[PDB]
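Please read the structure below before turning to the comments.
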2 protein chains.
Amino acid sequence: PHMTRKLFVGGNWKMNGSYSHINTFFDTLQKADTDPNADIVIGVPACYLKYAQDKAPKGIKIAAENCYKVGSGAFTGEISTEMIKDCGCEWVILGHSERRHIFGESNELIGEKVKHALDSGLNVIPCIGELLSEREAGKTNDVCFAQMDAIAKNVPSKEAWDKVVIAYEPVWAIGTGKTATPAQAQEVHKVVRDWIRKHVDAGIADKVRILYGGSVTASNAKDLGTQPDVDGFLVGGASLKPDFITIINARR
Amino acid sequence: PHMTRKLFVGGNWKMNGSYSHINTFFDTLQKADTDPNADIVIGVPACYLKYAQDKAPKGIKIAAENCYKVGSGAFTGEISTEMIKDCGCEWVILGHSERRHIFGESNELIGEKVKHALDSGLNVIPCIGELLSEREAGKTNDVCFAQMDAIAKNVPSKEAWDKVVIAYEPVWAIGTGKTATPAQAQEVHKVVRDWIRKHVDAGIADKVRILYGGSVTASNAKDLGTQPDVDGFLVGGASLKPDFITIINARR
Ligand code: NA
Ligand code: NA
């Protein structure tokens, strides 16, 4: 169903976390039996990048939740690609709905960040997804296509897609409990994969992981994950809880 | 000239720094003879907060370069007041010109952040200052007054002003080499101090430190610092260099 696409389970702690929580959470994670064929990446606040990557069990990668679009400079409050690598980390989440819709990051800025992160040797999780008002207007695909256009035109090469994991999160499902049904997720992922097939490359479309995110839980992950164009999850609230282990083991 | 107001020397590394630079810089800082009657606070990228505060010599405080306006939650890419304290830090720079004019943070948002930081037990360095276009339009005081209004109405009590250090940085002086003259800095600081005297309290106006920032260097700091309403500096580019030591020792 998912061809040669390996399961990917992302977490995003958003603006939560502490040294105490990191110690406990990753002790539980190390003790637990997790699917050895899942890629696991957890986004954490920037002040915890190195500590959490040191404390993470082998195989688990830590992501920055954002970064800026140049290597260094006069950008108070920003985190650079080089600081992420200095902290021992290789992943960054880009274009999350909260950056776009609370902090006003544009498609152009997120595209610029995708290119700079890829050109710095980072792996990226670019986020796409539509507002409730956009879906009601019949613009779900239009919005996702414009977001994918900005991302895709900024992936510097065909090889670079090996370092890209797309996450689709309908904004109305993020933090609301109103999870997309397996049908709703599959429909959008198929449309996005077809877009990548047509506008980028058919080989790459077949290989690129596309995550569903937006109120993924331990009980709903299995049915979302068995959809053929859903390759895994980007988990918010539940990635702070032991439930994240169950979600990791959903395709097991 | 500066009454009972103690010298305050702030640094802002902006989007620069690394574990290697922190080690070297703070070895030089520990070895150097710094004015023992100066408060010294250095803003660093969030991924380095704990490390830099552990490595800083005694007496030197580390600041976050930004924070959000609530304690925790679904705010991808944000740093909270509680994470700053978890990293052993007590200071945050708020409303820096780069946040206002590159990342679109409004007066209302910066006011909300001042109140939340103060209500979390943090010390704050709220930043004010006018664009070149605003000074040419004759609006320098107007802009500073509106920014001070948002800050002042969000300082929860009279005691809380003990945890506030205002920094005035004309945007045209930040990173440009076009330092405000001692005259230009003194004129604005006097106007701002008078504003605090009239709109807040005369006691507080007498005690609150007001920093000048914007292309402060080792050679120009002395004359800026001897101005009676200039209580110290907020230093950008030069706080990455050994010159920061000379600036710290300018009022010596
Ligand atoms: Na580790
Ligand atoms: Na220390």
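Just so you know, these numbers use all the heavy atoms, side chains as well, and skip hydrogens, waters and symmetry mates. Whatever order the structure lists ligands and atoms in, that order sets their numbers, starting from 1. Here is the naming used below: chain letters follow the sequence lines, and residue numbers restart at 1 for every chain.
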Any N/O/S atom from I60(B) (main chain or side chain) under 3.0 Å of the Na ion (ligand 2)?
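Of the N, O and S atoms in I60(B), none lies under 3.0 Å from the Na ion (ligand 2), which means no.
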
Side chain to side chain, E98(B) and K14(B), heavy atoms closer than 4.5 Å:
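Yes, side chains in contact.
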
When you compare the side chain of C47(B) with that of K50(A), does any pair of heavy atoms fall below 4.5 Å?
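No, every pair of side-chain atoms sits at 4.5 Å or beyond.
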
To the nearest 10°, what's the angle at the Na ion (ligand 1) between atoms O (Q53(A)) and O (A56(A))?
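Nearest ten degrees: 100°.
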
Any ring pair (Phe, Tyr, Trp, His ring centres under 6.0 Å) involving residues 76-98 of chain B? Give me the pairs, sequence neighbours left out, ordered by first then second residue.
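Every ring pair (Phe, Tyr, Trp, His ring centres under 6.0 Å) pair that includes a residue of residues 76-98 of chain B, provided the two are not neighbours, is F8(B)-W91(B).
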
Derivation of the side chain to side chain donor-acceptor pair (under 3.5 Å) call for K61(A) and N123(A)
CA-CA 11 Å; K61(A) 289 318 217 322; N123(A) 300 274; over 6 Å; no

The Na ion (ligand 2) - closest N/O/S atom in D54(B)
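Closest to the Na ion (ligand 2) among those atoms: O.
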
